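For reference, data_3.pdb is printed below; it contains PDB, C-alpha atoms.
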ATOM      1  CA  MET A   1       9.903 -25.625 -19.171  1.00  0.00           C
ATOM      2  CA  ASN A   2       9.207 -29.395 -18.854  1.00  0.00           C
ATOM      3  CA  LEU A   3      10.553 -31.117 -15.702  1.00  0.00           C
ATOM      4  CA  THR A   4       9.953 -34.727 -14.555  1.00  0.00           C
ATOM      5  CA  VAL A   5       9.476 -34.269 -10.789  1.00  0.00           C
ATOM      6  CA  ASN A   6       9.590 -37.648  -8.961  1.00  0.00           C
ATOM      7  CA  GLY A   7       8.294 -39.407 -12.097  1.00  0.00           C
ATOM      8  CA  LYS A   8       5.715 -36.672 -12.832  1.00  0.00           C
ATOM      9  CA  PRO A   9       5.840 -35.503 -16.524  1.00  0.00           C
ATOM     10  CA  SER A  10       4.999 -31.902 -15.549  1.00  0.00           C
ATOM     11  CA  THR A  11       6.075 -28.443 -16.741  1.00  0.00           C
ATOM     12  CA  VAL A  12       6.538 -25.073 -15.046  1.00  0.00           C
ATOM     13  CA  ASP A  13       4.757 -22.405 -17.142  1.00  0.00           C
ATOM     14  CA  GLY A  14       7.585 -20.547 -18.888  1.00  0.00           C
ATOM     15  CA  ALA A  15      10.419 -20.178 -16.342  1.00  0.00           C
ATOM     16  CA  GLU A  16      13.433 -18.630 -18.115  1.00  0.00           C
ATOM     17  CA  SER A  17      16.225 -20.938 -16.823  1.00  0.00           C
ATOM     18  CA  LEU A  18      16.173 -21.939 -13.120  1.00  0.00           C
ATOM     19  CA  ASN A  19      18.974 -23.457 -11.000  1.00  0.00           C
ATOM     20  CA  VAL A  20      18.376 -26.159  -8.347  1.00  0.00           C
ATOM     21  CA  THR A  21      18.146 -23.366  -5.728  1.00  0.00           C
ATOM     22  CA  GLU A  22      15.298 -21.784  -7.754  1.00  0.00           C
ATOM     23  CA  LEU A  23      13.648 -25.217  -8.058  1.00  0.00           C
ATOM     24  CA  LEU A  24      13.772 -25.453  -4.238  1.00  0.00           C
ATOM     25  CA  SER A  25      12.048 -22.032  -4.024  1.00  0.00           C
ATOM     26  CA  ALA A  26       9.598 -22.880  -6.855  1.00  0.00           C
ATOM     27  CA  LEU A  27       8.472 -26.014  -4.969  1.00  0.00           C
ATOM     28  CA  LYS A  28       9.017 -23.973  -1.772  1.00  0.00           C
ATOM     29  CA  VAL A  29      11.105 -25.863   0.812  1.00  0.00           C
ATOM     30  CA  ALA A  30      11.295 -24.536   4.410  1.00  0.00           C
ATOM     31  CA  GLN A  31      14.630 -26.144   5.396  1.00  0.00           C
ATOM     32  CA  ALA A  32      16.768 -24.521   2.661  1.00  0.00           C
ATOM     33  CA  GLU A  33      19.972 -25.522   4.513  1.00  0.00           C
ATOM     34  CA  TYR A  34      18.885 -29.164   5.113  1.00  0.00           C
ATOM     35  CA  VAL A  35      16.969 -29.958   1.895  1.00  0.00           C
ATOM     36  CA  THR A  36      17.929 -33.249   0.184  1.00  0.00           C
ATOM     37  CA  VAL A  37      17.138 -33.514  -3.554  1.00  0.00           C
ATOM     38  CA  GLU A  38      18.583 -35.126  -6.708  1.00  0.00           C
ATOM     39  CA  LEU A  39      18.277 -34.739 -10.488  1.00  0.00           C
ATOM     40  CA  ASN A  40      18.077 -37.713 -12.892  1.00  0.00           C
ATOM     41  CA  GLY A  41      19.453 -39.729  -9.925  1.00  0.00           C
ATOM     42  CA  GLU A  42      22.539 -37.597  -9.083  1.00  0.00           C
ATOM     43  CA  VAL A  43      22.161 -36.023  -5.587  1.00  0.00           C
ATOM     44  CA  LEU A  44      23.163 -32.362  -5.023  1.00  0.00           C
ATOM     45  CA  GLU A  45      25.641 -31.264  -2.325  1.00  0.00           C
ATOM     46  CA  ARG A  46      24.945 -28.391   0.160  1.00  0.00           C
ATOM     47  CA  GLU A  47      26.701 -26.011  -2.298  1.00  0.00           C
ATOM     48  CA  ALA A  48      25.750 -27.599  -5.667  1.00  0.00           C
ATOM     49  CA  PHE A  49      22.220 -26.092  -5.704  1.00  0.00           C
ATOM     50  CA  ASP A  50      23.454 -22.683  -6.942  1.00  0.00           C
ATOM     51  CA  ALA A  51      25.912 -23.648  -9.723  1.00  0.00           C
ATOM     52  CA  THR A  52      23.686 -26.389 -11.222  1.00  0.00           C
ATOM     53  CA  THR A  53      21.359 -24.593 -13.661  1.00  0.00           C
ATOM     54  CA  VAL A  54      18.338 -26.644 -14.794  1.00  0.00           C
ATOM     55  CA  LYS A  55      16.503 -26.259 -18.132  1.00  0.00           C
ATOM     56  CA  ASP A  56      13.732 -27.704 -20.345  1.00  0.00           C
ATOM     57  CA  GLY A  57      13.626 -31.508 -20.606  1.00  0.00           C
ATOM     58  CA  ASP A  58      15.132 -32.608 -17.278  1.00  0.00           C
ATOM     59  CA  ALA A  59      14.139 -34.388 -14.024  1.00  0.00           C
ATOM     60  CA  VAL A  60      14.283 -32.831 -10.530  1.00  0.00           C
ATOM     61  CA  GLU A  61      13.438 -35.249  -7.690  1.00  0.00           C
ATOM     62  CA  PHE A  62      12.149 -33.411  -4.593  1.00  0.00           C
ATOM     63  CA  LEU A  63      12.119 -35.470  -1.371  1.00  0.00           C
ATOM     64  CA  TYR A  64       9.550 -34.707   1.388  1.00  0.00           C
ATOM     65  CA  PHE A  65      11.449 -36.789   3.994  1.00  0.00           C
ATOM     66  CA  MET A  66      11.128 -36.307   7.796  1.00  0.00           C
ATOM     67  CA  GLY A  67       8.310 -34.552   9.706  1.00  0.00           C
ATOM     68  CA  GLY A  68       7.276 -35.155  13.318  1.00  0.00           C
ATOM     69  CA  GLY A  69       4.581 -36.931  15.343  1.00  0.00           C
ATOM     70  CA  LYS A  70       4.097 -34.072  17.856  1.00  0.00           C
ATOM     71  CA  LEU A  71       4.561 -30.331  17.161  1.00  0.00           C
ATOM     72  CA  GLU A  72       1.535 -28.923  19.050  1.00  0.00           C
ATOM     73  CA  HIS A  73       2.295 -25.536  20.643  1.00  0.00           C
ATOM     74  CA  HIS A  74       0.407 -22.945  18.531  1.00  0.00           C
ATOM     75  CA  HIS A  75       1.545 -19.282  18.517  1.00  0.00           C
ATOM     76  CA  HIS A  76      -1.707 -18.032  20.133  1.00  0.00           C
ATOM     77  CA  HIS A  77      -1.500 -14.907  22.341  1.00  0.00           C
ATOM     78  CA  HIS A  78      -4.040 -12.235  23.449  1.00  0.00           C
TER      79      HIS A  78
END
Conversion result in structure tokens:
Amino acid sequence: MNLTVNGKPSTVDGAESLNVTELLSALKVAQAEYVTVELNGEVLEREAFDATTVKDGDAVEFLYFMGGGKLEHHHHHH
């Protein structure tokens, strides 16, 4: 189904109806409880991801905000 992601006229091969939650998993966000995204401009609330089902011919805007300038620890152990 066709989805304009952040101005990108792209399409996810097939995909039989996906809600905003499934769009978050499709694009794969790590902070599922802190993710901030909108669709066609309208921003989703912490609990609006599930109920809002998305379909062909829509626009999901996925923000990559925040990050960090120092995360060096590395899970190395012998």
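Atom CA of residue A:17 to atom CA of residue A:36 spans 21.1 Å [interatomic distance, one decimal].
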field: Residues near stretch 21-25 of chain A, cut-off 6 Å, only C-alpha atoms, skip fewer than 3 positions along chain, as a VMD selection string
entry: chain A and resid 18 28 to 29 49 to 50
Can you list, as a PDB file with C-alpha atoms, in the coordinates of the input, the residues that the PyMOL selection byres ((chain A and resi 35) around 9) selects here?
ATOM      1  CA  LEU A  24      13.772 -25.453  -4.238  1.00  0.00           C
ATOM      2  CA  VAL A  29      11.105 -25.863   0.812  1.00  0.00           C
ATOM      3  CA  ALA A  30      11.295 -24.536   4.410  1.00  0.00           C
ATOM      4  CA  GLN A  31      14.630 -26.144   5.396  1.00  0.00           C
ATOM      5  CA  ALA A  32      16.768 -24.521   2.661  1.00  0.00           C
ATOM      6  CA  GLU A  33      19.972 -25.522   4.513  1.00  0.00           C
ATOM      7  CA  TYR A  34      18.885 -29.164   5.113  1.00  0.00           C
ATOM      8  CA  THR A  36      17.929 -33.249   0.184  1.00  0.00           C
ATOM      9  CA  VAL A  37      17.138 -33.514  -3.554  1.00  0.00           C
ATOM     10  CA  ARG A  46      24.945 -28.391   0.160  1.00  0.00           C
ATOM     11  CA  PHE A  62      12.149 -33.411  -4.593  1.00  0.00           C
ATOM     12  CA  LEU A  63      12.119 -35.470  -1.371  1.00  0.00           C
ATOM     13  CA  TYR A  64       9.550 -34.707   1.388  1.00  0.00           C
TER      14      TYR A  64
END
field: Result set, the PyMOL selection byres ((chain A and resi 9-14) around 10) on current file, as a VMD selection string
entry: chain A and resid 1 to 8 15 to 17 23 26 56 to 59
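Between atom CA of residue A:39 and atom CA of residue A:67 there is a distance of 22.5 Å.
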query: Which distance in Å separates atom CA of residue A:44 and atom CA of residue A:65, to one decimal?
result: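 Taking atom CA of residue A:44 as the start and atom CA of residue A:65 as the end point, the length is 15.4 Å.
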Can you list, as a PDB file with C-alpha atoms, in the frame of the given file, every protein, DNA or RNA residue that comes within 6 Å of residue A:19 when you count all atoms listed in the file, leaving out same-chain residues fewer than 4 positions away?
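Produced file result_31.pdb, reproduced below:
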ATOM      1  CA  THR A  52      23.686 -26.389 -11.222  1.00  0.00           C
ATOM      2  CA  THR A  53      21.359 -24.593 -13.661  1.00  0.00           C
ATOM      3  CA  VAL A  54      18.338 -26.644 -14.794  1.00  0.00           C
TER       4      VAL A  54
END
message: Given all atoms listed in the file as the basis, pick out the residue of A:71, A:40, A:61, A:78 nearest to residue A:27.
response: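 Residue with the minimum atom-to-atom distance to residue A:27: A:61.
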